[PDB]
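Note sheet for the following structure.
Protein chains: 4
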Amino acid sequence: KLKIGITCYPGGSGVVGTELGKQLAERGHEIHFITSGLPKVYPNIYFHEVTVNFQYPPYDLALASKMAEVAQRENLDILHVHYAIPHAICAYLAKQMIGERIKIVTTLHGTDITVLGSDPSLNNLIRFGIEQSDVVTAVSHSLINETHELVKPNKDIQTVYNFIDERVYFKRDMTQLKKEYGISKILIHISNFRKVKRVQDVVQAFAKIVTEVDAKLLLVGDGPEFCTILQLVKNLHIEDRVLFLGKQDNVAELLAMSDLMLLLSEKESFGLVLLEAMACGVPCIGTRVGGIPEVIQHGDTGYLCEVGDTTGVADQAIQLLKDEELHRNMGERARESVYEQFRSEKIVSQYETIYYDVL
Amino acid sequence: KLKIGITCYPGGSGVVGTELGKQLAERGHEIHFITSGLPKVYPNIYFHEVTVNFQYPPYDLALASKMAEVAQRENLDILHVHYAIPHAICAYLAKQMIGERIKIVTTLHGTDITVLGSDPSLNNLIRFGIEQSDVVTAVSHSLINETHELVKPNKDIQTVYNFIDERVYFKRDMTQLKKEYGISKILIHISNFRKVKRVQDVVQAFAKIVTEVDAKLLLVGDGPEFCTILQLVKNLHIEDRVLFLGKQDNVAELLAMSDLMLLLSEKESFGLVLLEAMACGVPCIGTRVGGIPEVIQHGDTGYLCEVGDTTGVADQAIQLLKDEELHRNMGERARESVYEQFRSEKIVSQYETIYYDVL
Amino acid sequence: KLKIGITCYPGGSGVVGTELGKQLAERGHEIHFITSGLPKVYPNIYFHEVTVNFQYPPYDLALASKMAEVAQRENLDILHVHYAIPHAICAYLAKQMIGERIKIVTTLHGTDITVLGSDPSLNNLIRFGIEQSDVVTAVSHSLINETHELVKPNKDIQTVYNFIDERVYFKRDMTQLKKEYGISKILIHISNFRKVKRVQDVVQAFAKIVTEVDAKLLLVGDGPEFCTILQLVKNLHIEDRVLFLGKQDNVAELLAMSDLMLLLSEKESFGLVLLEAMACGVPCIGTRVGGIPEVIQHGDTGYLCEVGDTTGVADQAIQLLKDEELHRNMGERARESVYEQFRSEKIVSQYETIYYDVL
Amino acid sequence: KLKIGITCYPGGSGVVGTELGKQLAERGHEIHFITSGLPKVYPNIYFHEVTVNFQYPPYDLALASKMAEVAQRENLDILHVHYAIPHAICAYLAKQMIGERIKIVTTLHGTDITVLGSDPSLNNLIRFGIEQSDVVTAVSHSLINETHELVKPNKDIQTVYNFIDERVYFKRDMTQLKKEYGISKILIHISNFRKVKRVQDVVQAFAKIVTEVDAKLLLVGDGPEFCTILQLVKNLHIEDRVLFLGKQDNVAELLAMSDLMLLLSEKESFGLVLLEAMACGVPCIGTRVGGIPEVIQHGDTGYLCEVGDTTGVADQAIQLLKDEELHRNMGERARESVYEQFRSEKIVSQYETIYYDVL
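Same order as they appear, the protein sequences are chains A, B, C and D. The first sequence runs 2 to 11, 14 to 42, 47 to 60, 65 to 195, 199 to 373 under UniProt numbering. The second sequence runs 2 to 11, 14 to 42, 47 to 60, 65 to 195, 199 to 373 under UniProt numbering. The third sequence runs 2 to 11, 14 to 42, 47 to 60, 65 to 195, 199 to 373 under UniProt numbering. The fourth sequence runs 2 to 11, 14 to 42, 47 to 60, 65 to 195, 199 to 373 under UniProt numbering.
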């Protein structure tokens, strides 16, 4: 019984935004995606797309215009936006344009605050956008901290973690697929191969972790630092032991046939792959960086460690890989604490009450 | 046994390009998508994406660079590109950059020739791109005509029609879904609501076709001319009889629960929806514009008619809607001639032999 | 004694905006140009530039941010913007961001209303921007009409015509330059060679006007329709009689050594070249399209005529070219009515009082 | 007696490219600027502009297309391009498109190699572009070194330094202007306020250099690091001693009324301001970074020093500021060695012989 409008980019935000809309739809709400791109068929989910046509094509203004148009045409109640720039400001304009007859909900996520908020040319813009939203939420407490530190908004930010569709991530085992990939221990890592992900360390740790255990490394994803990483596995003589799989999308099957997940980036606010992973009963070893610690509880559902500690990571890995007792327990502990505090139906309900509350 | 690289935009070209790659993959070939965007999981389909970072971000050059890099790194045999600008020229640069150790296959499609070729600032560029490709194909003979008329290239262009994944389009019936949409005759129309699609005529014809038959019009899609069309159904008192469904993606289910498809645009080189439609046993009434006539054979699998003939279209419709004999036959004739000359496995084989031939 | 901030694109708007700032500066005001681009040296004119760094680079938002920053940092009084999209909306955001402690003055001009206002994806956006500005002005009454017709804003729009720097346009004669160009009657035409300018008609009329008078045609400017026009002068055997000069900037000298100016576009809201021209004592023959009629008074300072009337234009030209009495009078009448109602110091004072008034 | 086509961005390259074209024109050559933007009036200098109209607007391809079109239409001899990406590759395409009936001259400059060449996504592209040009030159030997280090092209690169229009930079003195700015020693610094320019050090050094000498600092330019620098002069209590002048263009007058120029960036390949400066009889103190050392000969025409040596710079400054003997000599020595090896008419002749030679 609610008309919601979602806006996002079909990276991490898109996955969540889209899934949140799909869920909300199944609960009888009428969802209206307002986004230029490409997010079965639901009778209660409509897709509006921003068409553009001057120095730079006004996508921002165009998006604001469409939000406003869809808003008053479909008589939307809530307008839920997902990255901060530009969406937050666009929703503000839209609101002002339709006489403020709508409620804005802004969800923050990693880079919009982490990296964008750092840029002085957009600081005041991000602040204004946050302060002007009716309700603001973040994906992790670490983020709400980073926000008050860099942007310094005079607004309250709630915490609502991201979720995963369990109907897509289960402990199924692709034993027939391992054959199709040519293998037998499996170590999987998913990222956008950027410097911040520190993919080099995932390799270094594997170079070591491999001398004492026979296992292959699945490198899902593609990005700038690809060649460097390729050059690395190359003059490290682990070349035939790493499967660059390039960027995949349906990574659910890959995690399923995995044993250990690695995430050793310099920063991160959240981020699902951990969930996806854990969700599939796969224990993780992520760096202790703001936001990983809120999902991985050391020793119970995975392990943490300082950035750059290639050696320490390997050690922690080699140990967990042989002990099959600890590995069956951790992997179970993990997919449990996930169902526990990251249950999709649970989180969706938090957003649901936030909407009702803002009215 | 072939390493192919596909490039496209995940409009019409993307659908085909992507599907062609999926098919080729299932046949054991190793497909390498080289495109910045987002096109189950196949072990033999890799996705490489173009990352950019100056006046305008050099996407073209960047794409050329990545084609070249992937080409010689993975040792590709063929590089199959799909729209002409820029892809054709990018593949040329890529080729020149890797010492010409690769074969370029360019597939033309609607607008790249239709509208772009019209622009003098890109004429010579499109020509050069075509002439430099090793093999060039078009989606319809009408296109090969338009090409030799506007661009005037000194190269031979073959004809290879587009196809549809029958594994997605069948005569299934969503009788339970009609209920979910609130209905009972069904008339469906899919487009990007641009002036060229002449959506106004689809409405005019429906305004008439409705006075003599009770049916609702499904308007799938969203674009610039949306408001105008909305204003039209509005002061035409057919407002409660048209279901703007906004732009959908999984339109397979909608066509399934349809009876008649309309396409009355000023121009078109192909275009699938006809196929999709027909494929689902849905007879079509499209304008006699270069390229529709090669799929719709009047009276046997659908009907044609001059552009702007709102009245003639309605008449042709009202007639076919009641005669249930003619409608069961046409709908059968249609999904047959589709399996006939547009069989996915058939077309894929043509492209397959074209690759082998170019070597 | 006023701190003004100007924003524009260094086409027509830029020329005016920039000149207006230069003038205002000489009057002791402190001008602050807020624009990313490149508009002697004045101690009271500062240049702030928008730096950008995501789907599309947020130039709009960035500009809004900089307006806000400069505004409260330099404590600006007025923020004068010149095209409507995006500047109008950017100034709105800026205002809202600095607590509304600033006055927004929006000046409309041709295409922002003429062509942009036509696009439904930006209609409501242009309206909102206009309505939100504190003062709004247009360059011609024709524009204020077009505005209320297409955009339909609930705001009052004043009329303030554009001006020309007489310190740059005088009746000087470049008799030594005609030699440098290889000539002796001179017909000059300046445009962006777009279809709307109807450069073809300027040629057709010249093809005729030439059979009865020996004169060359100066085609200043460059654009899409260039080749077509080049092809035209070509198979019209006037090839050696037309001087494509390509796009020039310091056109003051060219107009100086001219005799008749032609402007036969389908539409135009203003536009200076007429002024520049007239200002140089050069009589003009422009089509009777909304906004030309407010500068050219037929027979007294030039002639008007229907669009497409190539023949009528030629006739009117050939006649005025020989009668040397009428030509000395008109050319004098013209540069007078220009000093009269378009005096730079006069118009600048209107804008000046508008600023003071808005406080 | 030569038809040359120049391509550039109206930063440093634009200044040089444009001036080079102006000079070449005065020598009787027919210059054809092929560039989308805005670079008196010369009868032998034509301006062609690239018009664009899809994912990203194909400016590169469009530029290539226009180069080709202008090339064979005007029958150009040489095509001289100035930054490497994209212009080098565009000229390659253009050449290939007109049957190679043209000679390409590529001039390298700072960032195209320095920063772009660093990016692996454009490495091979820059190399290919260089190797494919018929003649390649750089602005400094330091650059030719950086080039062979990062890009590693198999091509020969000549050295041709940048020049300055002496007809714009002379030892004139704006004593009347100092009054208009409110001053009396004058220290001037020009940059784009980027981190690489290390504007902070220019301030630190001034904070010190000021305690022992009364002088104001002219900070010409605007960029990202502006606020930080503004915050610095702020909590350094030198606030009323620094004249942020924002970004100026006609900086000739400012240098004229200056005494010492500072340039303490981490890197630089050339760069004129030194020339401009010196040219005006203003001694400079620049960091010893690859390319500054080829213009500043320590002690004879200026001083060099390690980066970050705020103290050492101040010391060197305070010393030269009082000794009025050394300051009159250095300032004279400087504007001499400039006329010496950077004489505009001299450099232009080098480029001129390079063109003739390539034929």
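Idealized CB from N, CA, C, for every residue including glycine.
Counting of Cβ neighbours within 10 angstroms places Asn173 (chain C) among the buried residues, the total reaching 16 or more.
Annotation for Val81 (chain C): the continuous alpha helix (DSSP H) segment containing it runs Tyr70 to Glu85. Under the criterion of beta carbons closer than 8 Å, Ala82 (chain D) and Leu72 (chain D) do not qualify as touching, at roughly 15 Å. Residues of the same chain with a CB within less than 6 Å of the CB of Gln26 (chain C), apart from the 5 flanking positions on each side, are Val362 in chain order.
With its beta carbon less than 8 Å from one in chain D, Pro69 (chain B) belongs to the interface. If you check each beta-carbon in the stretch 81-97 of chain D against every beta-carbon of chain B, the ones closer than 8 Å belong to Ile96 and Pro97. Three or more beta-carbon pairs separated by less than 8 Å are not found between the stretch 255-268 of chain C and the stretch 148-157 of chain C, which leaves the two stretches without contact. By the Cβ rule, the stretch 161-171 of chain C does not count as touching the stretch 199-215 of chain C, because fewer than three pairs are nearer than 8 Å. In the three-state reduction of the DSSP assignment, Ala149 (chain B) falls in the strand class.
Taking one beta carbon from each stretch, the stretch 293-309 of chain C and the stretch 221-228 of chain C have fewer than 3 pairs nearer than 8 Å; the two do not touch. Boundaries around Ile34 (chain C) are those of the beta strand (DSSP E), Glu33 to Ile37, since no alpha helix (DSSP H) includes it. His341 (chain C): member of the alpha helix (DSSP H) spanning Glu338 to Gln355, first to last residue. By a beta-carbon distance limit of 8 Å, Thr8 (chain B) contacts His98 (chain B). Their separation comes to about 5 Å. From the beta-carbon of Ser153 (chain B), no residue of chain C is found nearer than 8 Å; the closest lies around 25 Å away.
The Cβ atoms of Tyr369 (chain D) and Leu3 (chain D) lie closer than 8 Å to each other. Taking 8 Å as the CB threshold, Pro11 (chain A) stays off the interface with chain D. Annotation: Cβ neighbours of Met108 (chain C) in chain A (cutoff 7 Å, chain order): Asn135 and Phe139. For the stretch 228-241 of chain C, the beta-carbon criterion of a distance under 7 Å to any beta-carbon of chain B is satisfied by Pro238 and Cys241.
Scanning chain A for C-beta atoms nearer than 7 Å to the C-beta of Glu56 (chain B) yields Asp236 and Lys261, reported in chain order.
Boundaries of the beta strand (DSSP E) around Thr301 (chain D): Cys298 to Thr301. In the three-state reduction of the DSSP assignment, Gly140 (chain B) falls in the helix class. Residue range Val213 to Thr225 is occupied by the alpha helix (DSSP H) that includes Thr225 (chain A), with no beta strand (DSSP E) assigned at that position. Per the coordinates, the alpha-carbon of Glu339 (chain C) lies some 57 Å from the alpha-carbon of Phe258 (chain D).
Here DSSP, grouped into helix, strand and coil, assigns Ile7 (chain C) to strand. Beyond the five residues adjoining it in sequence on each side, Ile194 (chain A) comes within less than 6 Å, by CB distance, of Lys230 in the same chain, given in chain order.
Of all residues in the stretch 281-302 of chain C, none has a C-beta nearer than 8 Å to a C-beta of chain D. The three-state reading of DSSP puts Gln262 (chain C) in coil, since its state is none of H, G, I, E or B.
Proximity of chain B to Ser129 (chain D) at the Cβ level (cut-off 9 Å) is not reached, the minimal Cβ distance being about 11 Å.
Note that the C-beta distance between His35 (chain C) and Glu85 (chain C) is below 8 Å. With fewer than 16 other CB atoms across the displayed protein chains lying within 10 angstroms of its CB, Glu359 (chain C) is exposed. Listed as beta-bridge partners of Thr170 (chain B) by DSSP are B:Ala149. Taking CB atoms only, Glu191 (chain C) has a neighbour in chain D less than 8 Å away. Secondary-structure assignment with DSSP links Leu201 (chain C) through a beta bridge to C:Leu231 and C:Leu274. Under the Cβ distance rule, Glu22 (chain A) does not count among the residues neighbouring chain B, no pair being separated by less than 8 Å. With a threshold of 8 Å between beta carbons, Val48 (chain C) makes contact with chain D.
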